[PDB]
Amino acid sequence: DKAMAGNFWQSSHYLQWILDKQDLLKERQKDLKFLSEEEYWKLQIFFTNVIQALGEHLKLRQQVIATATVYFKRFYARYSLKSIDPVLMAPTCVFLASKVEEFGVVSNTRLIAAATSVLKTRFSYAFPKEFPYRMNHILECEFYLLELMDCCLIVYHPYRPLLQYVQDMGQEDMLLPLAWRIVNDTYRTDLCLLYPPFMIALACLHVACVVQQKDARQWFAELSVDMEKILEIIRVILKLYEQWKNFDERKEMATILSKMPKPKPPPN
């Protein structure tokens, strides 16, 4: 099994990086002078998609992409979008997570070609200009990212507890595929910053049961867990699919990216 598998309750994830919702929203008010609340969550979705596509092009497992996605969220949970360009931060997160998850150091030419190749072919509607950063910018940004995260590198995700829950049900073949995609979809939200991974897993498993119309009422009732918190998570997941329906990413994002607060350069 993986290092620190059963240690979530004594982990830095739990003790430091499960945040209070109101502190998260207070720190967000800096960026909400420029963007609306709606435009702010649309950016969250966009950059989640960018990290997914970077990960796919580099042929990394979903665990590495998830860890990279959490690093990105953690960063902009505390700082403004103007502090570091998120086009630089996104590939830096994949690069760092790839090391932590022990897949290795992605080469310089390979990381930069991936960034370049992903923005051009899959995101040209949002980005007319070519990827402007070289590897020295990545190495610099990696130091800023490691500092803010307080060197908390190990991250727990809902996929492991989800896999254990569906095995207990004995409904692995039926429910796992759909529940797995719903866990992917939660990374479009703040849920990984607000709730423990096992709670998100149960919520995703619950929605999969409703969608596929399999009664698990008695299974869920047999659990010893705060069921009111599981309902909070479900409402966000159901809200997320209504957001998805009404969001035309490809028409809107060029206008939203230009509304992001711009960095102050040196006086010169």
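When you see a residue number, it is the position in the sequence shown, counting from 1. Here the rigid core means the biggest group of C-alpha atoms that line up within 1.5 Å when the two forms are laid on top of each other.
Asker: Comparing C-alpha positions in 9 other deposited structures of this protein against this form, with the rigid core used for the fit, which stretch differs more, 101-109 or 150-158?
Answerer: Comparing 101-109 with 150-158, the larger C-alpha deviation in 9 other deposited structures of this protein belongs to 101-109.
Asker: Mean Cα B factor from the PDB record: higher for 130-138, or higher for 67-75?
Answerer: Higher mean C-alpha B-factor: 130-138.
Asker: Name the higher of the two by mean Cα B-factor in the PDB entry, 85-93 versus 118-126.
Answerer: Looking at the recorded C-alpha B-factors, 118-126 comes out higher on average.
Asker: Have a look at 51, 230, 45, 237 and flag the one whose Cα has the highest B-factor in the entry.
Answerer: The C-alpha B-factor peaks, among 51, 230, 45, 237, at 230.
Asker: Could you tell me which one of 195, 159, 187, 103 shows the highest CA temperature factor in the PDB record?
Answerer: 103 has the highest C-alpha B-factor of those listed.
Asker: Per the entry's values, where does residue 25 land by CA temperature factor relative to the rest of its chain, in the lowest, middle or highest third?
Answerer: It falls in the top third of the chain.
Asker: By the recorded C-alpha temperature factor, relative to the other modelled residues in its chain, which third is residue 164 in?
Answerer: Answer is middle: the recorded C-alpha B-factor places it there.
Asker: Sorting the chain's modelled residues by C-alpha B-factor, tell me whether residue 175 ends up in the lowest, middle or highest third.
Answerer: Ranked within chain, residue 175 CA B lands in the highest tercile.
Asker: With respect to C-alpha B-factor, does residue 225 fall in the lowest, middle or highest third of the chain as deposited?
Answerer: Its C-alpha B-factor, which the entry lists for residue 225, ranks in the highest third among residues of this chain.
Asker: Using the temperature factors of the C-alpha atoms in this entry, rank residue 253 within its chain: lowest, middle or highest third.
Answerer: CA B-factor rank for residue 253: middle third.
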